[PDB]
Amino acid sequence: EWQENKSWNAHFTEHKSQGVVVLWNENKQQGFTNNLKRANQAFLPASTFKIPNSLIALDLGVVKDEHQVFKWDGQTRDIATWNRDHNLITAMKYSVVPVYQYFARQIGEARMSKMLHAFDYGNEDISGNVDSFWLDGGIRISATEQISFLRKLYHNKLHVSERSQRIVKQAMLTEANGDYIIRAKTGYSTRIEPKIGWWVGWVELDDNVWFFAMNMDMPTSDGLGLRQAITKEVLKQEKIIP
């Protein structure tokens, strides 16, 4: 049961940008979005794919725990925070692609494919480079499909161990205070058009949880901060957060 609220389009308009925000009220089982069309349009997941990749890597033992260090390959890249050792927590935090390319190669195409099928994740197609298909390959997922996946994760219903799911949800921790907790993951797709930014996750309250998924046009990296800002603007408007 979904409803369309075009009033949110304002928040995209003030920045002369466009996109979609999708919300799901878990208690009342009702969804909300500014654009039913784009809510169901499938895009490359980019770094939002770090969530299922982490789940699979943990469940298969490629990653022993959230403390295991994956040392820098010594190759200096454009993003400074990538040029150092990382564990699952910091690799998530800084979207360290090369670490997750390593995860992917260790997982392999066969097992990766099977797990994504079990997760009912997007179009379940990993055609392309084994360790970059989420950046320039065949996998596609929509905002509404992101919620469905994230809801399974929250309820520990995905086909991996409870432990693997708890660990990934820890690594998803983005913000917490006396009012709410946000567990989420950003995304930035640049290799295939249209260039877009992602933000997917949920908001924990004392007695409810609001799942969210948004994407927006991202012609340049200048507007990346708007991924979170526009989402929070919508959450505030809907009185979900102060």
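When you see a residue number, it is the position in the sequence shown, counting from 1.
Relative to one another, 91-99 and 77-85 have unequal mean CA B-factors, and 77-85 is the one with the higher figure. Taking only CA atoms, the mean B-factor in the PDB entry is higher for 190-198 than for the other of 190-198 and 41-49. Listed residues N129, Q165, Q106, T144 were ranked by CA B-factor as deposited; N129 comes out on top. You'll see in the entry that, of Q29, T174, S54, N215, the Cα B factor peaks at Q29. In the PDB entry, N123 places in the highest third of its chain by CA B-factor. Remark: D59 belongs to the middle third of its chain, ranked by C-alpha B-factor as recorded.
When all modelled residues of the chain are sorted by CA temperature factor, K157 is found within the middle third. When the modelled residues of the chain are ordered by their C-alpha B factor, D207 lands in the highest third.
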